[PDB]
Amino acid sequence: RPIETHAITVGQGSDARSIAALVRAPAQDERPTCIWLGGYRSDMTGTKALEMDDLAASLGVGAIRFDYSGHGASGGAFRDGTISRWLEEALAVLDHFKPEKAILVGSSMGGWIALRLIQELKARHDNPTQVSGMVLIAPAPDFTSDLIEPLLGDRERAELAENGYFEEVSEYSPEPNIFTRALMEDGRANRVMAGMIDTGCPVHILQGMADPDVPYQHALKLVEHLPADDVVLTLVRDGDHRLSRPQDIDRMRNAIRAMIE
């Protein structure tokens, strides 16, 4: 089953944007489809995304990747991005292809969006797509309120007021991270850990203890907000935020394979 290229329109009027997607059909329609949900500033050609697709291909199961608005091959401005808009895109991509069974594979911000997506699907009457499992890699639920807000100083707070965004130096590039006022305000609209989260499926979290961006304690906090059954947390002592060494990729591929078989 070959990779196919698609464009999906999301939103209305001046909010409309075209989302680029790469899709591989399952060898038989009854088999699940793995859907990649990436990190803030990622793109769908990244190492972990390509590995998810390769594993899916080898087992004859489906694979969906797409670029968030403002990222990679998709339309829309980065500074117009919010958790609400990026979630809306994820749901639109799923509703375009309508796989019978989905396994959500969410990395960092993509883990937050995965948790919101299951809530949106469970709220619907007509759901052609059942989520059969979720694999979360250094997930970052509620990062705006829980990881950013407590560290903000008066520099950042005034920047947010005067300019509509603040900047922080990025370990991973010469272009610094920017975080908009709109993202911070809307992150509270999408807060998932202020109460208990109902998934209805197995969840496996993979988290490094040498992660300087999402502290491993954040993964322990997420487990306290998940159901009392069918949740596994794998803590890797020397793992960093990217979790993309060969040994890390082996653990992630094995976690996804256990959701299929």
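All residue numbers are counted from 1 along the displayed sequence.
Visitor: Is the mean CA B factor in the deposited entry higher across 135-143 or across 163-171?
Guide: The stretch with the larger mean CA B-factor is 163-171.
Visitor: Look over 68-76 and 148-156 in the entry and identify the one with the greater average Cα temperature factor.
Guide: Stretch with the greater average CA B-factor: 148-156.
Visitor: Could you say which of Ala194, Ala228, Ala210, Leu235 has its CA atom at the highest B factor, as listed in the PDB entry?
Guide: Comparing C-alpha B-factors across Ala194, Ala228, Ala210, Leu235, the maximum falls on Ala228.
Visitor: Pull the Cα B-factor of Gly200 out of the PDB entry and bin it into the chain's lowest, middle or highest third.
Guide: It falls in the top third of the chain.
Visitor: What third of its chain, lowest, middle or highest, does the C-alpha temperature factor of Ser58 fall into?
Guide: It falls in the top third of the chain.
Visitor: By its CA B factor, does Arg116 count among the lowest, middle or highest third of the modelled residues in the chain?
Guide: Within its chain, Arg116 is a lowest-third residue by C-alpha B-factor, going by the deposited values.
Visitor: Within this chain's modelled residues, let me know which third the CA B factor of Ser14 belongs to: lowest, middle or highest.
Guide: CA B-factor rank for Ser14: highest third.
Visitor: What third of the chain does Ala258 rank in for C-alpha temperature factor, lowest, middle or highest?
Guide: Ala258: CA B-factor falls in the highest third of its chain.
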